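Only one chain is included here, represented as structure tokens and corresponding to the form deposited in one PDB entry.
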């Protein structure tokens, strides 16, 4: 069992807070993150712990334990650095194509793993891909998001391995263009209607000129409106892993 008895974790700096939990930096045999949940959100707690326990993979945020006294707390490793989102869209940081692809490859490894464990992420986006120490991808759920929704998710079960695939295609888009899709649509409501209705889809011409042919192909395959035309992560992982053998 992975329960951590009361009194063992030293709870430090409050890191961020939301409708569904508050996260602190912690000390428990070194640095951890501690996510506090209110007593009323027990079910959420069990469900989040339930999925985290199912995972042991270098590109997934490492689950370490939980506490029921005196609070509902989830304990993960601590990551240093910032979200892929922050790297791509908030910092003049322009990655090299080799680095971009390596990020794609690691994200794909993580997502491939999650699906192998029968886990649909449901909320994949660049805000949830942590660049631990600038190098290693840690996929988790850091939320406490329409841009990454498949048309079928938009329309309102809509969540599948293939809706995850689509979100990942949108991550690919960000990596390959540096931008977010639909940057030219000032209206969130418009994006929801048009993407749902079929009317709207990302402009793939916005990609870097040094973007690999195999990657533009892949991206577009991940973004297919009919979810059954989208490829699975083993294929995706294999095409990327092949592509990265451009060394």
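Numbering follows the first chain given and starts at 1. What we label the rigid core is the largest C-alpha set whose atoms superpose within 1.5 Å from one form to the other.
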**Prompt:** For residue 110, does the count of other compared entries lacking it reach at least a third?
**Reply:** no
**Message:** Could you find out if residue 144 - modelled in this structure - is missing from at least a third of the other PDB entries compared that contain residues on either side?
**Reply:** yes
**Item:** Gap size between residue 145 and residue 144, counted in deposited residues that the entry leaves unmodelled
**Value:** 10 or more
**Fill in**
Unresolved deposited positions lying between residue 90 and residue 91 come to none
**Message:** Mean CA temperature factor from the deposited coordinates, higher in 43 to 51 or in 25 to 33?
**Reply:** 43 to 51
**Asked** What stretch has the higher average Cα B-factor here, 91 to 99 or 77 to 85?
**Response** 91 to 99
**Request:** Going by the CA temperature factor in the entry, name the top one among 115, 138, 155, 109.
**Result:** 155
**Where the record places residue 134 (Cα B-factor, split into thirds across the chain)** = highest
**Third of chain Cα B-factors occupied by residue 197** = highest
**Complete:** Entry-reported C-alpha B-factor of residue 128 relative to its chain, by third, is lowest
**Prompt:** Once the chain's modelled residues are ordered by C-alpha B factor and cut into thirds, is residue 222 in the lowest, middle or highest one?
**Reply:** middle
**Complete:** Of the three thirds of the chain ranked by Cα temperature factor, residue 159 occupies the highest
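Omitted from view is the form deposited in another entry, to which the following refers.
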**Option from 216, 57, 208, 27 moving between this form and the one not shown, CA shift at or above 2 Å, rigid core reference** = 27
**Asked** Can we say the CA of residue 231 moves by at least 2 Å between this form and the one not shown when the core is superposed?
**Response** no
**Prompt:** So, does residue 182 move by 2 Å or more at the CA between this form and the one not shown, with the core held fixed?
**Reply:** no
**Asked** Once the two forms are fit on the core, has residue 71 moved its CA by at least 2 Å between this form and the one not shown?
**Response** yes
**Request:** Check residue 11 against residue 85 at the C-alpha atoms and report closer or farther in that other deposited form, compared with the shown form; the change is 3 Å or more.
**Result:** closer
**Message:** What direction does the residue 48-residue 127 Cα distance move in that other deposited form compared with the shown chain, closer or farther, given a change of 3 Å or more?
**Reply:** farther
